[PDB]
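Asks: One structure, as C-alpha cells, below. Some questions next.
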Amino acid sequence: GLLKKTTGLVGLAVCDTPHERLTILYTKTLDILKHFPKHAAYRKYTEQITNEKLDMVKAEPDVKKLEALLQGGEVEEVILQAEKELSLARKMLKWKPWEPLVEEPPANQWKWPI
Amino acid sequence: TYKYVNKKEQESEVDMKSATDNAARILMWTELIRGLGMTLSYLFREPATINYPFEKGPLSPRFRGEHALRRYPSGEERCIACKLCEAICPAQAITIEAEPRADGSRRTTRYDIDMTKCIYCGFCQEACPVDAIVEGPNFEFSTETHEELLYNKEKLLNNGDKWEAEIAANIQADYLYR
Amino acid sequence: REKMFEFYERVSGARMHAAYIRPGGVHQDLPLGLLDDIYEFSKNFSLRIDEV
Amino acid sequence: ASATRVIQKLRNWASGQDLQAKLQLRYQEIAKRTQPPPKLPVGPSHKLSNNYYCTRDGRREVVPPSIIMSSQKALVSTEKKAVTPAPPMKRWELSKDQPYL
Amino acid sequence: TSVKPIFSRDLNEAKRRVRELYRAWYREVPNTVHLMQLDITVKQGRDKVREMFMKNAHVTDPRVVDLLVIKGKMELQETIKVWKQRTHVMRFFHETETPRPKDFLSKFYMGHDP
Amino acid sequence: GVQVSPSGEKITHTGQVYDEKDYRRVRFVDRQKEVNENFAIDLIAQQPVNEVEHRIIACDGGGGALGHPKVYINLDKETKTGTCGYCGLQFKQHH
Amino acid sequence: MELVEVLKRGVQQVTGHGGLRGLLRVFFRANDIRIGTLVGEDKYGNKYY
Amino acid sequence: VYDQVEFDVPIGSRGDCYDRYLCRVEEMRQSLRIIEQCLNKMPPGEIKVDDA
Amino acid sequence: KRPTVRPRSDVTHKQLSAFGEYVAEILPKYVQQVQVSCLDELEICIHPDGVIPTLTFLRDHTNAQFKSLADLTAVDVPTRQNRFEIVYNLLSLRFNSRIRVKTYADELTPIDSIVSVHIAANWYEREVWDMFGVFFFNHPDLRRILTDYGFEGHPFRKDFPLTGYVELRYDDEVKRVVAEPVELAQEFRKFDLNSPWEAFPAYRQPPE
Amino acid sequence: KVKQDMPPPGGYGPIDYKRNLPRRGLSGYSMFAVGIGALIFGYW
Ligand code: SF4
Ligand code: SF4
Ligand SMILES: [Zn+2]
C-alpha cells in the first residue's frame, strides 16, 4: 500500500518502516523481560501482550490491515506505545513492584465514612 | 463522527488560470475587499440600539429583581415567620426574628435582607410556603450609599405595597409553572 | 448573545446565573412559546457565523 | 425591515448574502408576551395504588464499594490472561455530512 | 518515636539550614528596602527578620524545622522577585494595630477575653 | 396605626422606637425613618367574621394555589371564633 | 422615486409633534422624533406609545 | 441524551491557534445541528424526578 | 423500568473489577486496597512510596495507558492519623476508562512529586501544598498559587476557620492596604441540620 | 388536557448550519487586463 502522508497527530511523524520498527521494539522488550523473576506478574502479562502483538506484525504485511488488528490507532501511535512499554520495563526492573507490600496502613486509613 | 476543519491538502498541479487567480488575490487584496464589503453592509443596516430609558429591554414574568414582602387581600401579612427562606438562603442574606403578635399571631419582628450579600437566586421565593417573600420586577434601585441596600422589614413591606399590582400580575402569569 | 440571554431569563428569571439545572432535572418547565423563539433565533444564526 | 429597495440591493451586494431573509432584528415572528395558561403533566409516581416508595427508592439501593483486594481483611490471592480496563475504543468514522471544510 | 526525616536527620543538621536561610534574608533586606522604597531603615528590616526567626526558636523537631525553612525560603523568593508588594512587606510591622495589653487588669477593663 | 413617641419619632408596627437619649437617632437627621403605615394587625381586625353552617371549615386563604396551605378549623367553642393560623381570618358557626 | 416616499415620512415625523416647540421638546428630551400610537397616559403625566 | 443526537466533532490538523479557531467556529455550527434535533425531539412529561 | 431510579449495568463493574485484580497482582509492593463502587469507579489505594511507580505503570503500560491526569487533589480527614488523602484521577483515551489512585499523608510526611510522569501535576501539587500544606519532594517550583502573598496557614484544612484570621482594608494614615484581625458585623450563623434519625441502613456502623 | 411547550406537529423547518460563503468576483485575467489597460491609457 501507499505510504501515509501524515499521521493526523501534531508532532508524530510518519514511519517509513513500521513493521521493522515494531519487530525491533517488541523483540527488545522480550529480552529485558527475561531479566525479571519468573513469578513477577508484570513479566508474565507483558510477555503475553508483547508476543500477541509481535505475532500480528509477523502475520499482516499490510499497514492498514495491521492497524485494524493492533487496535492502537495509527501504526505510529503503536510504535510510540511500544517504546513506552520498553522504557517502563527498565524502570520496573529497578522498582521491583513484585515484592510484598512495604507497609500496611493504619487500620482505619481507608474507612469511609468516619 | 468527526470532520476536518483544515485538511484541504489534496495538493494538485497549477494551471496558468489558477496561478493567475492566486496572483490576483494576493496582489489586489481581494479577500480584504470582501471584509470591507461586510462592514459596509452593516453600515446600511438598522442598528439594534434601543433608546434607553424611554425604551426598555424585554423581560419575562419570572424575572428576579428587588425583593418585597406581600399581603393577603385583607391587608394581613402573608409571612408567618417560618424561616424557610432564611434556612435556604445560599448567601445567609436573610435575618429573621419573630414573636407572638398582640393578637397572638405568629409574625416577624425582624425581617432583614442584606441586598449586598444576596445573589438574587430566587431560592427564598421558591421556599416560601405562603408566597410572602418574592423577588419583584424592579431592577432600577441603585443607591449612593452601601447602607441604603440593607433592607429591613419596613422597607420590604413598602416594596410590597409599592409593587403589588405588578407582582400579583406576574404571579398570575407564572404560578401554573410552579 | 443578548437574544440568548433572553432564553435564559425566560426559563429561570435570570439572564446569566440561572440556577435552572438542578439534581433531579430542571427547576421549571419551559414557558409556552419558548421553543418557537429558540427556533426563530436558530434559523438565522448560521448567517451570523458566516459574516464573522 | 424598513430599508428601501435600493439600500437592500446595496447591502445584499456588499455582504454577498441575502440579508432580508434572515434579519438579526426581531419583528412579528416572535411569541406573544402574554400566553394561555399551561397545564403541566404529572410524573410516573402519581398513582393511587401499586406505588410503595420502597419499590422506587434509588438512594436506599446504594451500597458500599466492593472490596476487590485488601491488605487487611481480603486476600486477592493455565496462565491467567492479561486484561485492559475496558475494550479498546473503536475509531471514529469520518463524517458523511461534510468530511472536509 | 521513629519517624521519616524530610531533609535533616537531626536538629543539628536542621540548624545549619536555618543559618543559611538567615544569611539569605539578612543580605536581602538592604536590596528590598531600596527596590521597594520602604520607609524604614535597613537596621529596622534586619531586626524584624531576627524577631521572625526567634518566634520559632522553641522548635526542636527536625521535621518542623525543615518545613519552617522551606516556607522561609518561599517567602524570601516572593520578596526577591518583588511578587510581594510594599503592603505585603509592611504587613510584618503591624503599623495600624493597637497591641493587646498583657496584664490582667488591662484585659479586665477592656472586656471578657482572657 | 402609626403613633409618635415623646421625642417625635414614629413608632413601628413592631413597637420599635429609639430612646430620646439614644445617639443612634442621629442617623435620621436630615433623612427619615422608614415606617410602613398599613399595620397588618389593624387591617385583619377590620375584616368581618365569616358565618358557616358546619363545625369544621377549611381555610386556604383565597385564590387556591395562591393562598396558604389548606387547614381545617374547629368551630365547636361558641364563646370565641376560630381563627386561621395562616391568614388570620375568623369564622363562627351559625348556631 | 422611493426616496420621495422616505422624505415624506420624514416630514410626517418632523411636523407631527405639535408644531416647532413640540418637535424641539421631544427631540431634545428623548433624542427621538418617531410618531407612534398613544397607548395611554398615567396619572403623573408619562405618555405611553 | 447526547447518545440520541447526531453531530460531528471538528478536528484540527496543525495544533495552532488558527486550527483551534476553526474548530470553535465549526463547533458552533454543530451546536445548531444539535439544537435543531432537541427542538423537534422535545418529549412531553415532567421536568424533575418524581421523587419528593 | 423504574423511571426515577438510575439504570445500572454489570458489564462495567466486572471489567473494572478484573482490571483492579490485574493492577494489584502487578504492584503488590504498594497496593493496599482495591475497590469498585456501585457507581462503577475503580479506586487503587497505595502506600505513598508507590506513587511514582504506580502512576508510571498506569501511564505507560500497554494495557493501561492512563495518559491524561484529570485532576489531583487532597481531602482532609482530621480523625485519621494521616489526615490528608491524596487523590489522583486519571483518564485513558485508548480504553475510554477512568481510574482513581489514592494515597495518604500527614502534616510532616511529604509525598513525591509526579511532575516527571505528568507535567499536568505541576500546578495541582502547588494547589495541594497551598490549600492543605502537604509538601512535595522534587517539585520543580513549589510555592503558593491561590492564596495571597505572605498568607499564613492552609485554608482548606478542616480546622482552618471559614472566614480566616485576618481581613484587609485601606488605611488612610499609612496610605496603603493593611491586614487586621477579622471582625464581622454579622457572624456566620451555624446551622445544625443533620436529622437524628438514620438515613441509610446500608452504611450503619457497628454499635461498638 | 395537558398543555406544554412542544414542537409543532411535523416539526420545525430545516435549519442551515453549514458554512455558506458566496463565490464572487472576476477572473484573475479580467482584473489584470483592466488594471493594465488603465496603466497603458494613463501612460499615453
Ligand atoms: S434571592 Fe437567594 S441570596 Fe437573595 S435573599 Fe433570596 S435566597 Fe437569599
Ligand atoms: S417570607 Fe415566607 S419562608 Fe420566609 S419566614 Fe416568612 S413565611 Fe417563612
Ligand atoms: Zn387562612
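Chain labels follow the order of the C-alpha cells: the first chain is A, the next B, and so on; residue numbering restarts at 1 in every chain, and ligands are counted from 1 in their shown order.
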Could you please tell me, as a list in words, which residues of chain C have an atom within 7 Å of chain H when using only C-alpha atoms?

Replies: residues 24, 25, 26, 28, 29, 35, 42 and 46 of chain C

Asks: Find the residues around residue B:173 up to 12 Å (only C-alpha atoms counted), leave out those fewer than 5 positions away in its own chain, and share them as an MDAnalysis selection string.

Replies: (chainID B and resid 60:63 166:168 178) or (chainID C and resid 31:32) or (chainID D and resid 33:38) or (chainID F and resid 66)

Asks: Can you pull out every residue with an atom within 8 Å of ligand 2? Use only C-alpha atoms and all ligand atoms and format it as a ChimeraX atom specification.

Replies: /B:69,78-86,96,108,124-125,127-134

Asks: Hey, what's within 9 Å of residue A:4 if we count only C-alpha atoms and toss same-chain stuff fewer than 6 positions away? As a ChimeraX atom specification, please?

Replies: /A:14-16

Asks: Taking only C-alpha atoms into account, find every residue of chain G that has an atom no more than 10 Å from chain D, and write it out as a PyMOL selection string.

Replies: chain G and resi 2-3+5-6

Asks: Print the selection's residues with N, CA and C atoms to a file, as a PDB file, in the first residue's frame.

Replies:
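Saved as selection30.pdb:
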ATOM      1  N   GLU G   2     -38.466  56.100  -4.698  1.00  0.00           N
ATOM      2  CA  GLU G   2     -38.649  55.566  -3.365  1.00  0.00           C
ATOM      3  C   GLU G   2     -38.024  56.477  -2.327  1.00  0.00           C
ATOM      4  N   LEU G   3     -37.061  57.289  -2.759  1.00  0.00           N
ATOM      5  CA  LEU G   3     -36.512  58.297  -1.862  1.00  0.00           C
ATOM      6  C   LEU G   3     -37.599  59.274  -1.446  1.00  0.00           C
ATOM      7  N   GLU G   5     -40.739  58.798  -1.067  1.00  0.00           N
ATOM      8  CA  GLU G   5     -41.543  58.195  -0.012  1.00  0.00           C
ATOM      9  C   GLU G   5     -40.863  58.359   1.338  1.00  0.00           C
ATOM     10  N   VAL G   6     -39.548  58.144   1.383  1.00  0.00           N
ATOM     11  CA  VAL G   6     -38.813  58.242   2.638  1.00  0.00           C
ATOM     12  C   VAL G   6     -38.845  59.668   3.165  1.00  0.00           C
TER      13      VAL G   6
END

Asks: To check your reading of the model: which residues sit at most 9 Å from ligand 3 when counting only C-alpha atoms and all ligand atoms? Write the answer as a ChimeraX atom specification.

Replies: /F:58-62,67-71,83-90

Asks: Can you pull out every residue with an atom within 8 Å of ligand 1? Use only C-alpha atoms and all ligand atoms and format it as a PDB file with C-alpha atoms, in the first residue's frame.

Replies:
ATOM      1  CA  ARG B  64     -35.791  38.026  39.617  1.00  0.00           C
ATOM      2  CA  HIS B  67     -37.388  41.767  46.937  1.00  0.00           C
ATOM      3  CA  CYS B  85     -36.343  31.410  53.322  1.00  0.00           C
ATOM      4  CA  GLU B  86     -33.697  32.127  55.949  1.00  0.00           C
ATOM      5  CA  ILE B  88     -32.310  28.020  52.361  1.00  0.00           C
ATOM      6  CA  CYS B  89     -30.705  31.401  51.556  1.00  0.00           C
ATOM      7  CA  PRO B  90     -27.375  30.380  49.977  1.00  0.00           C
ATOM      8  CA  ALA B  91     -25.830  33.726  50.971  1.00  0.00           C
ATOM      9  CA  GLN B  92     -27.266  33.906  54.519  1.00  0.00           C
ATOM     10  CA  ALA B  93     -28.636  37.249  53.358  1.00  0.00           C
ATOM     11  CA  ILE B  94     -31.863  36.910  55.403  1.00  0.00           C
ATOM     12  CA  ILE B 113     -32.260  41.208  53.620  1.00  0.00           C
ATOM     13  CA  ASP B 114     -28.689  42.341  53.053  1.00  0.00           C
ATOM     14  CA  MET B 115     -29.032  43.198  49.370  1.00  0.00           C
ATOM     15  CA  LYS B 117     -24.992  39.705  50.340  1.00  0.00           C
ATOM     16  CA  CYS B 118     -27.944  38.479  48.290  1.00  0.00           C
ATOM     17  CA  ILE B 119     -27.244  36.697  44.999  1.00  0.00           C
ATOM     18  CA  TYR B 120     -30.765  37.217  43.586  1.00  0.00           C
ATOM     19  CA  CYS B 121     -31.223  33.482  43.160  1.00  0.00           C
ATOM     20  CA  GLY B 122     -34.931  33.278  43.960  1.00  0.00           C
ATOM     21  CA  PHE B 123     -34.498  30.340  46.356  1.00  0.00           C
ATOM     22  CA  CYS B 124     -36.334  32.262  49.084  1.00  0.00           C
ATOM     23  CA  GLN B 125     -39.431  32.724  46.941  1.00  0.00           C
ATOM     24  CA  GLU B 135     -38.360  38.902  44.008  1.00  0.00           C
TER      25      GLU B 135
END

Asks: Leaving out residue H:15 and any residue of its chain fewer than 5 positions from it, which residues lie within 9 Å of it when counting only C-alpha atoms, given as a PDB file with C-alpha atoms, in the first residue's frame?

Replies:
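Generated file (around_8.pdb):
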ATOM      1  CA  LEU A   9      -1.449  13.952  15.086  1.00  0.00           C
ATOM      2  CA  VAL A  10       0.732  17.017  15.556  1.00  0.00           C
TER       3      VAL A  10
ATOM      4  CA  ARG H  20      -8.382  25.954  17.213  1.00  0.00           C
TER       5      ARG H  20
END

Asks: For a quick test of understanding: name the residues of chain J lying within 7 Å of chain C when counting only C-alpha atoms, and present them as a short mmCIF file (atom, residue, chain, number, x, y, z; two decimals) with N, CA, C and O atoms, in the first residue's frame.

Replies:
data_model
loop_
_atom_site.label_atom_id
_atom_site.label_comp_id
_atom_site.auth_asym_id
_atom_site.auth_seq_id
_atom_site.Cartn_x
_atom_site.Cartn_y
_atom_site.Cartn_z
N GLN J 4 -48.35 21.90 27.20
CA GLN J 4 -46.93 22.10 27.45
C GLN J 4 -46.36 22.88 26.28
O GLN J 4 -47.07 23.20 25.32
N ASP J 5 -45.08 23.21 26.35
CA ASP J 5 -44.36 23.78 25.21
C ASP J 5 -43.78 22.62 24.41
O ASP J 5 -42.89 21.92 24.90
N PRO J 7 -42.84 21.11 20.15
CA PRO J 7 -42.70 21.47 18.74
C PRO J 7 -44.05 21.41 18.05
O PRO J 7 -44.97 20.73 18.53
N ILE J 15 -32.95 23.81 9.42
CA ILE J 15 -32.10 24.90 9.88
C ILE J 15 -30.76 24.79 9.17
O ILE J 15 -30.13 23.72 9.17
N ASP J 16 -30.32 25.89 8.56
CA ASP J 16 -28.99 25.93 7.96
C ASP J 16 -27.94 26.05 9.05
O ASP J 16 -28.13 26.74 10.05
N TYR J 17 -26.82 25.36 8.86
CA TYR J 17 -25.71 25.45 9.80
C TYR J 17 -24.36 25.34 9.11
O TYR J 17 -23.36 25.82 9.65
N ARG J 19 -21.24 26.09 6.66
CA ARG J 19 -20.66 27.32 6.14
C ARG J 19 -21.20 27.61 4.74
O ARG J 19 -21.30 26.72 3.89
N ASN J 20 -21.56 28.87 4.52
CA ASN J 20 -22.07 29.33 3.22
C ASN J 20 -21.45 30.69 2.91
O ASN J 20 -22.01 31.73 3.27
N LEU J 21 -20.31 30.68 2.24
CA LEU J 21 -19.70 31.90 1.75
C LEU J 21 -19.82 31.94 0.23
O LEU J 21 -19.42 30.98 -0.43
#

Asks: One decimal, Å: what's the distance from atom CA of residue A:75 over to atom CA of residue A:5, could you say?

Replies: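 One can read the atom CA of residue A:75 to atom CA of residue A:5 distance as 13.0 Å.
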
Asks: What is the distance, in Å and to one decimal place, between atom CA of residue C:2 and atom CA of residue C:16?

Replies: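 Value for the atom CA of residue C:2-atom CA of residue C:16 distance: 10.5 Å.
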